[PDB]
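Cβ atoms come from the backbone with ideal geometry, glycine included; neighbour counts cover every protein chain shown. Here, each number is a calculation from the coordinates, and none is a lab measurement.
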Amino acid sequence: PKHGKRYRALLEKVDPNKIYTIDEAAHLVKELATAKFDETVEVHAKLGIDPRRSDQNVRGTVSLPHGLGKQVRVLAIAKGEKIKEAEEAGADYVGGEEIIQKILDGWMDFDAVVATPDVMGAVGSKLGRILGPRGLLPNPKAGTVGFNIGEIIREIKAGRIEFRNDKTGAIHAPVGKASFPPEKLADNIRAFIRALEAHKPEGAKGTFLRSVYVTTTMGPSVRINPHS
Amino acid sequence: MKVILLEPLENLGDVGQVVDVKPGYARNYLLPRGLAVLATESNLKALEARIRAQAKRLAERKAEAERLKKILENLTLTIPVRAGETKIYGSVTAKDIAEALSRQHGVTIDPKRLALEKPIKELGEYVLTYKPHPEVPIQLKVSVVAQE
Amino acid sequence: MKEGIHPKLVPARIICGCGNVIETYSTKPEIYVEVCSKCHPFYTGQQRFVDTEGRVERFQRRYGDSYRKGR
RNA sequence: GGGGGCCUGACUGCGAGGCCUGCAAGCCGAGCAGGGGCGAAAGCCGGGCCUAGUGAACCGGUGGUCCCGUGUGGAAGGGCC
RNA sequence: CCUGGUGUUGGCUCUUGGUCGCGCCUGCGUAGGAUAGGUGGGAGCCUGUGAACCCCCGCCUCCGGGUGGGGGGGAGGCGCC
RNA sequence: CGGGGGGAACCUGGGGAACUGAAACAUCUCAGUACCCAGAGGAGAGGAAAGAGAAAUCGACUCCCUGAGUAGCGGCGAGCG
RNA sequence: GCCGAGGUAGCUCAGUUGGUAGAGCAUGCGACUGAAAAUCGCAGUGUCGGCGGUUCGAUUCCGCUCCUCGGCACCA
């Protein structure tokens, strides 16, 4: 009973028997793993739903009210001052129907698409074709369409994350920084607690937030109790 | 079904138990017999009757044991042997101890429980280990010498 | 009288019905049973001292005969 | 009656008063108020060109209500739409 | 009358199925060094093999190969790129 | 030492019915009625509250009037009450 | 109305990553068939009952919908 991971020391730190609580989690994670740089600790969990009927395929976003400037690239598709507002705020990819055109040709360097209502027809119908069957098309009920382009990418770089559940039923997201202030990490674990509880479709019946854990990139695995 | 055991331990393993033998099962199957009874403040009492009983009996054993333990570990036991400056002609049998101490000095102890691999005939004396009760072993100064 | 109980009396009566529900799930029941019935217990024994029996009925039975098990 | 533009009154609360009528039926309705909709507007629109496309009462369901609850705060249940 | 459950209707043992908990192994359409099961976090990882060179063995099949151990030892390999 | 066998109507408990009504007739009504029975009497019946009741209130049982034919029971039908 | 069930080419059966489809039998052409059937070779040959949908992609995965068959409680 021994495995292949010098992780051995750190795992020794671990000890799966008590799914404990948030702040504890911030601290133990923080101590747990600063490999070659500082851990990109994160949170992962699963929900008692069932995507075979998208009536619960959840996603949205809780703005971890803490600094950033990375993750899931985004294209701000609009016109003039919206391009201003958006790129400004903090947009990886920025433009209008010419950037969309680039997409038609062969460019979707943007995982997510945030288009304002001044190019929504062009985005959704030009790129309806291109971005529809994947999920990279701005949708007026999918955190992807809004005149608030600057506010939007603003968040994208000041402190963004967002949600989305993968196949079988789980969600993946960053709820704090490794070495980051523990209490803080708690603040974010919660940010997620809330936003999630929110997104949580009404097609539930029992244990919804089934397993909620603070775990790290390449590091430890600690189940947690985001109730307290 | 508070089944009280007379001769049971899930076999004739007697008193010392009470288990559940489901309805009739228990009834006429496991206790009609001559192997047990059932609850009753009466039977429970029974358990108390001899639990107490034995608690006092054993307690006692302990006690009388103690009186002898003390008297004997206290006193010395000298015996009139006959012979040369080593082993007497026909040994010191710890039973020799037994009756000699018994009625020439006062208290008796059965031969058996003592500490005598081979009778000892060296003479002189040794204080040895003879356990009058198995948690309480009585040691004592046994001297025999040629009154030749 | 040849089968009340012995460890008291359980020997009789009753009129019994029947229909077909749907009450608090859909509509009214359905009733058409002006019927009549029996309804009873059972018998057994043990020994005073080589020689005995019992007779008796069911429950009141069982713990009862136990009572005489006390004596 | 043939075509085209916009639009839903194929409205609620209501209807004075008349048609046949023993019953309950069924039938016609100016105008009043909120509220729209067609016209610029004199106004017309509470279904269709009309007479047949039909069923009391019960029991029970469902979308409101937020009236009653058997002590009382509830609730099952319950009354009305 | 036949007919599950259940009550008196107790013992010993052979046994096979579902379900939840934990553990293991598992995913080969084509491009893909290559049998990519998902979706995360993510350029770093490791030295009880001093090495991916070779050795057998245990295991799962759709050629290869994936995986888990024992051994042979003299700073390399692999992930990133 | 007692019972038993009686006794017109009366009483308690056991068991327990069609007509007829519902202008049919099956829940229902006639009814817990007629009838078979056991049993106490001179009367049996019931008889100090796990009662009634919502005001911090009554207080065994029985019977007469009243309480309502209301509260209500129900092919919410005949009716019952 | 409930649940188990059948529905694709002329006849009738097939797949749980779905992600690539028919097959046995008739129909067309060609050898063996000196006749024939039978045989073999080939071809032709299709929405997997309807629609969207989870779905890069699933017709077998998600929900509702036709006509159907088997067994249950509906109108009192």
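Among bridges DSSP assigns within chain A, what percent are antiparallel (round to 5)?
Taking every DSSP beta bridge with both residues in chain A, the antiparallel ones total about 65 percent.
Which order results if B:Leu5, A:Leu185, C:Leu9 are arranged by neighbouring Cβ count within 10 Å, fewest first?
Ascending Cβ contact count within 10 Å gives the list C:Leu9, B:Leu5, A:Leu185.
Going by how many other Cβ atoms sit within 10 Å of their own, how do B:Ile4, A:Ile149, A:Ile100 line up, fewest first?
B:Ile4, A:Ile100, A:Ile149
In the stretch A:134-227, which GluC sites (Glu not before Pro) are in a loop and have at most 12 other Cβ atoms within 10 Å, using DSSP for the loop call?
Hits after loop and neighbour filter: A:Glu202.
Relative contact order for the stretch B:45-148: what percent, with Cα pairs under 8 Å and sequence separation of 6 or more?
34
Ignoring solvent entirely, what values of log10 I(q)/I(0) come out of the Debye formula for the stretch A:1-65 at 0.27 Å⁻¹ when each Cα is a single scatterer?
Each listed q corresponds, in turn, to -1.30.
Across all directions of projection, what mean area in square nanometres is found for the Cα convex hull of the stretch A:74-228?
Answer in nm², one decimal: 11.0.
Could you give the longest part of chain C that holds none of the GluC sites (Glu not before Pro) found in DSSP loops with at most 16 neighbouring Cβ atoms within 10 Å?
Between the exposed loop sites, the longest stretch runs C:35-71.
Listed here are the pairs A:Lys46/A:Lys126; A:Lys2/A:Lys36; A:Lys84/A:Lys126; which of them are more than 31 Å apart at the Cα?
A:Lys46/A:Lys126, as the Cα separations exceed 31 Å there.
Per DSSP helix of 4 or more residues, -39500 (n - 2.57); summed, then divided by the residues of chain C. What does that give at 222 nm, rounded to the nearest 500?
The per-residue figure over chain C is -6000 deg cm²/dmol.
Roughly how many whole Å is it from the C-alpha centroid of the stretch A:122-159 to that of the stretch C:1-33?
For the stretch A:122-159 versus the stretch C:1-33, the Cα centre distance is 69 Å.
On C-alpha positions alone, give me the angle between the axis of helix B:40-74 and the longest principal axis of chain B, in degrees, nearest 10.
10
With just the Cα atoms defining each centre, how far is the stretch B:55-79 from the stretch A:161-222? Give it in Å.
When both Cα centres are located, 74 Å separates them.
Which of A:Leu75, B:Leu6, A:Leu127 comes first, and how do the rest follow, when ranked by fewest Cβ neighbours within 10 Å?
Ordered from fewest to most neighbouring Cβ atoms within 10 Å, A:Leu75, B:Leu6, A:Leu127 come out as B:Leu6, A:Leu127, A:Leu75.
Round to the nearest 10 and give me the degree value, 0 to 90, for the angle of helix C:58-70's Cα axis relative to the longest principal axis of chain C.
20
Taking only C-alpha pairs under 8 Å that are 6+ residues apart, what is the relative contact order of chain A in percent?
Taking the mean separation of contacting Cα pairs over the length of chain A, I get 38 percent.
Taking the Cα centre of each part, how many Å lie between the stretch B:1-32 and the stretch A:1-79?
About 59 Å separates the Cα centre of the stretch B:1-32 from the one of the stretch A:1-79.
What residues from the stretch C:1-20 fall in the zone where the backbone N is under 14 Å from a label point 7 Å along the Cα-to-C-beta line of C:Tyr63?
Residues C:7-8 fall inside that zone.
Mind pulling the angle between the C-alpha long axis of helix B:94-105 and the longest principal axis of chain B? Nearest 10 degrees, somewhere in 0 to 90.
Helix B:94-105 and the main axis of chain B meet at about 80 degrees.
Using only the Cα atoms of the stretch A:67-159, construct the convex hull and provide its projected area averaged over every direction, in square nanometres to one decimal.
5.0
Could you name the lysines whose alpha carbon sits less than 21 Å from that of B:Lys2, not counting residues in the same chain fewer than 8 places away?
B:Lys22, B:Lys45, C:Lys69
Jot down the per residue volume, in cubic angstrom and as a whole number, of the convex hull over the alpha-carbon atoms of chain B.
139
Over the protein assembly as shown, what lengths in whole Å, largest first, do the semi-axes of the equivalent ellipsoid take, defined as the square roots of 5 times the eigenvalues of the alpha-carbon gyration tensor?
Semi-axes, largest first: 87, 51, 15 Å.
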